Amino acid sequence: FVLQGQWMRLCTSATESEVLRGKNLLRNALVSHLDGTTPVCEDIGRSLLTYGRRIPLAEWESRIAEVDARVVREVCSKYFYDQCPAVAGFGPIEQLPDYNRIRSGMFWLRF
Amino acid sequence: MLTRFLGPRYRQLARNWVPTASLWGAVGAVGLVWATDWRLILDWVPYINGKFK
Amino acid sequence: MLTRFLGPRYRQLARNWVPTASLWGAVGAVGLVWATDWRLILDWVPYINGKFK
Amino acid sequence: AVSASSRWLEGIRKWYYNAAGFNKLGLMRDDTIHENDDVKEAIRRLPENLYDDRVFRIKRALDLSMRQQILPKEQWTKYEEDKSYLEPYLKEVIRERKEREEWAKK
Amino acid sequence: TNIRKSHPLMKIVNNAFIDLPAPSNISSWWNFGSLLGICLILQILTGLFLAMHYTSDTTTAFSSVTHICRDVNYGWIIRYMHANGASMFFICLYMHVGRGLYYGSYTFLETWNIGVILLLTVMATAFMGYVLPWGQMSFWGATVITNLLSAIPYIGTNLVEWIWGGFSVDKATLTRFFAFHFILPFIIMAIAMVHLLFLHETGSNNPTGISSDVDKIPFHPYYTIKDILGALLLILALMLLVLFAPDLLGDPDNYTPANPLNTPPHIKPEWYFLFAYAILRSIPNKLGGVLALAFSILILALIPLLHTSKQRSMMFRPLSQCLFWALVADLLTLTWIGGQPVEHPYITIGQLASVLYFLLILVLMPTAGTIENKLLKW
Amino acid sequence: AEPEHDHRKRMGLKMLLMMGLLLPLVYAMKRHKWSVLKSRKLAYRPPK
Amino acid sequence: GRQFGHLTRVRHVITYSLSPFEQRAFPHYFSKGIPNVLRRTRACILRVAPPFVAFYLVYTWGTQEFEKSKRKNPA
Ligand code: HEM
Ligand code: HEM
Ligand SMILES: C[C@@]1(c2ccc(F)cc2F)OC(=O)N(Nc2ccccc2)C1=O
């Protein structure tokens with residue numbers, strides 16, 4: 001309920017302050033990750049396979065900076081809003097919501 | 001005491017919900033017009049003129 | 001299946017509750033007689049003869 | 001010793017087993033028992049392997065009952081293969097209750 | 001946390017209609033509970049709108065019903081929705097009881113025993129309503145049923161005259177019946193809530209009669225949409241009655257105003273009372289007949305004690321199945337005999353069907369369960 | 001006896017036509033939601 | 001009142017499910033449906049039908065007899 005409510009909140013009504021926090025967390029994550037010969041080497045090897053180039057840190061910055069609340073709400077809507085999830089459950093899972101009721105969490109009736 | 005809800009976050013949240021609030025207003029108005037067969041509006045809808053004379 | 005409740009303990013428990021069950025029977029009978037003003041019994045109670053003729 | 005009468009007695013028992021039709025859902029006899037207090041205690045006492053097998057058999061049967069379907073004939077429980085796995089647990093539970101009931105008499 | 005889960009009012013709705021663990025495998029036959037609830041609200045709404053125009057005096061009761069059907073805007077649909085809704089109510093009652101019988105749902109002692117009270121309360125409700133339009137069948141039906149009480153030794157005459165308010169069914173009787181008929185469905189609604197409370201202690205039984213804790217689904221969306229479909233099938237069957245055959249289940253003598261001086265030659269109940277009517281007139285004694293009639297409904301309260309099988313449901317029980325269907329067909333026979341004159345073949349067969357009704361329940365079905373146990377080495 | 005006769009039957013047609021739409025559609029709605037269950041597969045995988 | 005999480009103990013059961021948007025509402029509706037109803041009819045006929053036929057026979061006899069009882073032929 002709380003997980004899906006957050007997806008729905010971000011799809012419909014992402015505000016600006018929290019998007020800035022999300023942006024900063026990514027900027028910190030990226031620079032913190034690429035620290036050592038090993039993660040940088042992995043980044044070279046993987047990037048040339050996937051992208052064909054190394055995408056420089058300044059480019060990622062430009063791509064992060066572009067994202068505002070409108071961008072978060074459009075991009076979240078494209079992937080989350082009224083979409084069929086894949087669900088995997090393992091363990092004491094009797095209270096795991098029925099799939100129809102998971103599916104119904106993928107849209108909001110007020111929106 | 002309702003100074004609480006004044007600030008840039010709350011203005012943005014107003015802006016996000018405004019097309020939805022007005023579209024619900026559109027649902028309600030067309031809904032009330034339909035349910036009462038309302039005269040003033042429904043004479044002016046170019047098909048649905050099933051009073052005539 | 002109600003062979004369960006047959007044995008010396010259950011007979012003793014019957015004997016203990018029997019003056020109580022019969023005294024409650026006395027409460028109920030006098031109660032019903034009073035509430036309906038019952039004719040057959042209350043003509044025979046030597047005060048409370050407030051019909052007479 | 002006993003030959004010709006026994007097979008007929010078994011025949012009526014086997015006939016009724018097939019007409020009962022819980023075997024079409026992959027149920028054993030003991031899966032179908034009404035859960036009173038004696039029975040609920042017998043379930044509780046079952047070993048891990050038998051407990052879990054019991055649940056899968058019920059689940060698979062309730063699933064079939066919802067779809068109003070039955071198993072392929074290959075997969076029906078054969079009268080001869082029907083394991084009375086609850087009976088000795090249940091019998092002991094009944095024996096225990098009856099002793100308490102005799103003590104309560106005196 | 002959800003609002004739905006912990007709001008003190010929405011809590012109750014949640015635990016009854018949304019998050020209620022329900023058997024995956026409950027059939028069509030489990031639709032009749034919600035359908036009975038629909039039937040109650042239908043009888044409430046149409047009945048209130050009838051009460052807005054009906055007057056309860058002998059001089060004006062027939063005329064006010066006539067006024068509804070000609071003059072009151074759409075009074076005819078409301079009137080016929082009500083009359084045929086009463087029949088729908090009894091159709092749903094009987095399917096629901098029959099489900100309980102076959103599937104061993106009566107092992108829920110308190111739930112079942114309240115359902116009996118629910119049955120006796122709707123019976124009393126529909127009797128008192130049928131009196132209200134003050135037709136010939138209204139009056140003589142009022143006469144026959146009320147006189148059933150006069151068979152009670154010593155106090156019987158005093159009891160009937162008390163419920164009349166006089167020496168026959170009259171002015172005092174009709175107005176009474178309007179007041180009692182108004183109050184009783186609200187009492188029904190309260191007993192129906194108590195019924196549902198007792199049920200939620202255990203949840204539902206299922207076709208197999210085996211515990212379904214291993215395979216529960218949420219009530220919503222599954223039985224919300226299954227109950228919607230059920231309701232639309234109820235609406236079809238009700239509207240077919242109101243818009244195509246409004247007099248099919250009605251007696252034509254009820255279109256003649258009440259005459260206190262002359263009976264109809266025939267005299268028959270509405271269809272849903274015909275089995276019990278057959279049971280009453282099977283006995284050549286006054287007290288014997290009414291005692292038989294009372295016992296024909298009140299036997300349902302003994303059905304729990306006559307369970308003898310080690311399996312709950314009749315699903316895995318071919319002997320009991322044959323005897324159950326023999327009961328249903330016996331009841332069909334009794335509804336046939338109910339609707340026919342007290343003459344040559346009908347008397348003796350009415351007696352035989354009456355014996356068989358009590359033989360199936362009290363003797364034959366509890367013998368089948370025991371034989372079936374012995375057959376399974378149980 | 002029955003002034004409502006003509007209105008009753010016009011309503012009657014309107015009912016049957018609506019029920020001819022609404023019954024298959026509500027059925028299709030119940031079939032949609034129940035699909036999740038009616039096509040479910042079970043496997044039992046106990047240790048050893 | 002019973003709640004999910006508190007019902008019973010289940011171990012070692014895998015359920016596989018598809019979305020309703022991924023799948024048919026009426027899969028093989030006539031081609032699998034009518035074989036199933038035919039199989040269901042066969043399974044129950046011998047239990048359901050013979051009481052009702054026995055009603056019908058007593059119905060048709062009883063109506064015929066009563067009709068024929070309400071006639072003379074000598075006086
Ligand atoms: C005022 C009419 C009644 C209403 C509104 C009603 C309400 C319902 C509801 C909503 C259900 C749950 C869904 C279902 O199984 O159908 C139900 C179940 C039940 N009802 Fe009633 N009921 C009434 C009449 C009766 C009668 C006359 C009896 C039988 C004496 C009955 C005995 C039961 C039992 C035993 C169940 C449990 C069924 C099971 O889970 O298999 N009820 N009731
Ligand atoms: C509290 C809600 C109810 C009210 C206010 C009410 C009121 C009415 C009124 C005013 C009448 C007389 C008009 C008429 O005959 O058409 C009537 C008759 C009737 N009532 Fe009700 N009613 C209620 C619910 C019930 C229920 C629950 C039943 C039992 C299913 C019932 C069964 C009937 C029947 C059979 C008639 C006779 C209909 C006829 O053939 O004309 N009603 N009621
Ligand atoms: C509708 C009816 C009825 C409903 C429920 C009930 F439990 C008994 C009844 F008689 O009320 C009534 O007066 N009749 N008619 C009737 C009763 C006895 C003899 C002849 C007709 C009914 O069928």
Side-chain angles (χ1 to χ4, degrees), chain E residues 23 26 29-40 42-54 56 61 64-65 68-69 75 78-80 82-90 92-94 96-97 99-101 103-108 111-135 137-145 148 178 181-186 188-189 191-192 195-196 198-199 202-207 209 223 227 249-251 254 264 266-274 276-277 280 297 300-301 303:
Chain E
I26 54 156
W29 294 114
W30 272 255
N31 279 273
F32 291 98
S34 63
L35 290 181
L36 288 156
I38 309 305
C39 281
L40 188 52
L42 234 152
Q43 294 312 89
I44 279 142
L45 296 154
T46 59
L48 185 62
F49 281 77
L50 295 173
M52 278 184 51
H53 307 284
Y54 179 81
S56 92
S64 64
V65 173
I68 287 146
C69 295
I78 289 145
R79 199 258 165 124
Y80 300 146
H82 201 76
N84 292 296
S87 265
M88 294 330 293
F89 216 140
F90 278 92
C92 291
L93 232 18
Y94 288 165
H96 194 84
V97 174
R99 182 281 311 274
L101 232 110
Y103 291 111
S105 310
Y106 59 84
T107 64
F108 309 149
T111 290
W112 176 262
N113 233 265
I114 290 293
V116 175
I117 297 299
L118 288 163
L119 179 60
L120 299 153
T121 320
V122 9
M123 274 171 79
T125 297
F127 161 64
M128 275 170 182
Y130 195 83
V131 185
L132 310 178
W134 211 235
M137 281 322 292
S138 299
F139 190 79
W140 297 100
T143 299
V144 161
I145 300 304
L148 302 172
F178 186 53
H181 187 72
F182 215 129
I183 197 152
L184 274 166
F186 302 97
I188 287 152
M189 210 190 77
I191 301 163
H195 186 69
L196 213 50
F198 284 118
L199 185 70
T202 55
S204 289
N205 185 215
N206 71 82
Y223 299 103
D227 283 3
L249 303 159
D251 206 79
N254 240 36
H266 251 262
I267 271 135
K268 63 122 112 218
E270 294 292 288
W271 68 277
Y272 54 84
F273 197 59
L274 293 173
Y277 199 73
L280 157 96
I297 316 289
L300 299 164
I303 282 160

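So that the names make sense, note that chain A is the first sequence line, chain B the second, and so on, each numbered from 1. Ligands are counted one by one from 1 in listed order, and the atoms in each one are counted from 1 as well.
When E/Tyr272, E/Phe139, E/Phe273 are checked for heavy-atom proximity to atom 4 (C) of ligand 3, E/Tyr272 turns out nearest. In the candidate list E/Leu280, E/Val144, E/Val122, E/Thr125, E/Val144 is nearest to atom 18 (C) of ligand 3, counting heavy atoms. For atom 40 (O) of ligand 1, the nearest non-hydrogen atom from the set E/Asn205, E/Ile117, E/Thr202 belongs to E/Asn205. Comparing E/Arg79, E/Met123, E/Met52, E/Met128 against atom 39 (C) of ligand 2, the shortest heavy-atom distance belongs to E/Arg79. Around atom 15 (O) of ligand 2, the closest heavy atom drawn from E/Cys92, E/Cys39, E/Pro133 belongs to E/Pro133.
Each of the following atoms of ligand 2 lies closer than 4.0 Å to a heavy atom of E/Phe178: 10 (C).
Given atom 19 (C) of ligand 1, the protein heavy atom at minimum distance is E/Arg99 NH2, 3.5 Å. At the top of the distance list for atom 14 (C) of ligand 2, counting protein heavy atoms only, stands E/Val65 CG2, 4.0 Å. Nearest protein neighbour of atom 16 (C) of ligand 3, counting heavy atoms only, is E/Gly141 CA, 3.6 Å. Summary of contacts: the protein heavy atom closest to atom 5 (C) of ligand 3 is E/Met123 O, 3.3 Å. In terms of protein heavy atoms, atom 23 (O) of ligand 3 is closest to E/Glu270 N, 3.1 Å. Looking from atom 1 (C) of ligand 2 to the surrounding protein, the closest heavy atom is E/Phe182 O, 3.2 Å. The closest protein non-hydrogen atom to atom 14 (N) of ligand 3 is E/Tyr130 CD2, 4.0 Å.
Under the 4.5 Å side-chain criterion, counting only non-hydrogen atoms from C-beta, E/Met123 is in contact with E/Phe273.
Protein atoms of type N, O or S found under 2.8 Å from atom 21 (Fe) of ligand 2 total 2.
In E/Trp140, neither the side chain nor the backbone holds a heavy atom less than 4.0 Å from any atom of ligand 3. Counting heavy atoms closer than 4.0 Å to ligand 1, residue E/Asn31 contributes nothing at all. Of all the heavy atoms of E/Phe127, the ones lying under 4.0 Å from any atom of ligand 3 are found in both the backbone and the side chain.
The shortest N or O to N or O distance between E/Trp112 and ligand 1 is not under 3.5 Å. Considering backbone and side-chain atoms together, E/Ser138 places no N or O closer than 3.5 Å to any N or O of ligand 3.
Ligand 2 has no atom lying under 4.0 Å from any heavy atom of E/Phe90. The shell of residues lying under 4.0 angstrom from ligand 1, judged by heavy atoms, includes E/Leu93. The shell of residues lying under 4.0 angstrom from ligand 1, judged by heavy atoms, excludes E/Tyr103.
Under the side chain to side chain contact (heavy atoms under 4.5 Å, CB included) criterion, E/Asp251 pairs with E/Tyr130, E/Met137, E/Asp253, E/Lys268, sequence neighbours left out. E/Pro185 is linked by a side chain to side chain contact (heavy atoms under 4.5 Å, CB included) to E/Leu40, E/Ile44, E/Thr125, counting only residues two or more places apart in sequence or in another chain.
Around atom 21 (Fe) of ligand 1, the protein atoms of type N, O or S found under 2.8 Å away are E/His96 NE2, E/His195 NE2, listed by chain and number.
Using the six-membered ring where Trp is involved, E/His96 and E/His195 have ring planes that are tilted, between 30° and 60° apart. Under the 30°/60° scheme for interplanar angles, the aromatic rings of E/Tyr272 and E/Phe90 are found to lie parallel.
From E/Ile183, atom CD1 reaches atom CE of E/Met128 across 11.5 Å, with rounding to the nearest 0.5 Å.
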